[PDB]
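K.L.:
Sharing a structure below in structure tokens format, with a few things to ask.
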Ligand SMILES: Nc1ncnc2c1ncn2[C@@H]1O[C@H](COP(=O)(O)OP(=O)(O)O)[C@@H](O)[C@H]1O
């Protein structure tokens, strides 16, 4: 519950209507109807997943809400669909090539819902009488509507001895493997032992004696390749990034078995999204790889964001729009974000204030909207926070003009920093 | 009696056989629910066959 509000916490989805009509202000967003409708339609395409290898480029001036609309789409997509957010400079690893990192990122945003039929027996253990030789045992499971006694085997008795199960424990035994899983207790333990005090759990299902076809959908991403590349996979799946596995017999074989599962009804493919923020940091080799990697059937939807116009492509000398080669730039379609006006700026500032739980006068809102239209929006939020803190220190109830104007001089913007920078501190 | 014989064409006997096969010093861990749905609690018992154990 203790998680602080970040720069994109004010947004909590992409405000859209039944007909995908964008709204002025909803779900923490304001203005920018065109790019928001583009986000809505690409999100509909993602949730459809019928087509693979689609790319979208979010372009615009800084502070136009590129990362904002990206996080909004991520939120609107909701759980059950992977959304791999990554920065352009994260692919540069000292233990795995750029192409390998891109393959990892692509396969990481693809999920397979594996269906598994289970048969679990549950109930209340009324009698767990076990005859230890130092071989024979019987279990008396009880439910709210029926009871049954089961003769326990040697291995089952040993498993029960492993996980201590006293009378009155709510357990869920899997008839397939016999794994002992304790859920709780139905009553106290004799009220006499001067220890082991806990709370009592609710009774089990009436038909819990034998659940026939308990369906559990195990969801896992296509990053499962780490499970095969090495005999010990947890080390690679948890921390180790040195996963330069062999592409042959791993990628192709896993894809083939995933197709077999999809055809045989075991699992279903759920393509996610790969959001590369500041994609301009990718080397030209990474762009050349994305050009081809984006053509596979397992290719997720590649959302990218650029904050530049004509700029040199990293790893070469010639320039291209958005710092992306002409090929990949032409392949994808671009979503331009128009700057926000004064009203939109004021509304965004008000939404941020509401998020931060801070209140300020109308004149404060006006002067702060002015300052934000002049300097920037993020700087306006910084001033919101600073003025709220100055007001709290001042013992006031709401932020007045005298606090925003004070924190404006206390904290400087880059435009004024460079102005006072004429002291030639260093070069 | 004839009908009983013809229809006889027991698990308790197999349990008694298992008991026979037991060397004799068998300790049994036994816990049952006992009263203080109705209020109740769990009680634990550990039966020792012979004094050796
Ligand atoms: N539509 C918007 N609604 C609310 N805040 C926005 C919006 N657009 C930009 N911002 C704010 O501007 C700052 C930077 O803009 P951002 O959302 O990152 O877009 P960009 O990626 O173009 O900078 C962030 O602090 C963000 O909160």
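In order, the residues displayed for chain A correspond to 18-151, 157-449 in Swiss-Prot numbering, which applies throughout.
For this deposited structure, the header notes the method as electron microscopy, 3.2 Å.
Placement of Cβ uses the backbone N, Cα and C atoms for every residue, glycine included.
According to Swiss-Prot, the ATP binding site annotation covers A:77, A:78, A:79, A:80, A:81, A:82, A:83, A:84. Per Swiss-Prot, the feature SUMO2 cross-link maps to A:444. Positions annotated as phosphoserine by Swiss-Prot, on the basis of a large-scale study or a structure entry: A:437.
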K.L.:
Provide the number of Cβ atoms within 10 Å of the Cβ of residue A:83 (ATP binding site), excluding the reference atom itself.
P.N.:
24
K.L.:
Neighbour count, 10 Å Cβ-Cβ cut-off, for residue A:444 (SUMO2 cross-link): what number do you get?
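P.N.:
Looking across every protein chain shown, the total is 7.
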K.L.:
Which recorded positions out of A:78, A:437, A:444 lie by ligand 1, going by a Cβ under 6 Å?
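P.N.:
From A:78, A:437, A:444, counting a Cβ under 6 Å from ligand 1 as near, there are none.
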K.L.:
Given the binding-site residues A:77, A:82, which one has the fewest other C-beta atoms within 10 angstroms of its C-beta?
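P.N.:
Among the binding-site residues A:77, A:82, the sparsest Cβ neighbourhood within 10 Å belongs to A:77.
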K.L.:
How many Å lie between the Cα of residue A:82 (ATP binding site) and the Cα of residue A:437 (phosphoserine)?
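P.N.:
Just about 21 Å between their Cα atoms.
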K.L.:
In three-state terms from DSSP, label residue A:83 (ATP binding site) for me.
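P.N.:
DSSP assigns residue A:83 (ATP binding site) to helix.
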K.L.:
Could you round the CA separation between residue A:83 (ATP binding site) and residue A:444 (SUMO2 cross-link) to a whole angstrom and send it over?
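P.N.:
So the Cα of residue A:444 (SUMO2 cross-link) lies 33 Å away from that of residue A:83 (ATP binding site).
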K.L.:
Could you find out if DSSP has the residue listed as 'phosphoserine' as helix, strand or coil?
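P.N.:
It is helical.
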K.L.:
Does DSSP put residue A:78 (ATP binding site) in a helix, in a strand, or in coil?
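P.N.:
For residue A:78 (ATP binding site) - judged by DSSP and reduced to three states - the answer is coil.
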K.L.:
What three-state secondary structure does DSSP assign to the residue listed as 'SUMO2 cross-link'?
P.N.:
helix
K.L.:
Check the Cα-Cα distances from residue A:437 (phosphoserine) to the binding-site residues A:79, A:81, A:84 and tell me which is shortest.
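P.N.:
Its closest listed neighbour, by Cα, is A:79.
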K.L.:
Quick one: which residues besides A:77, A:78, A:79, A:80, A:81, A:82, A:83, A:84 have a Cβ within 8 Å of the ATP site's Cβ centroid, in sequence order?
P.N.:
A:85, A:329, A:359
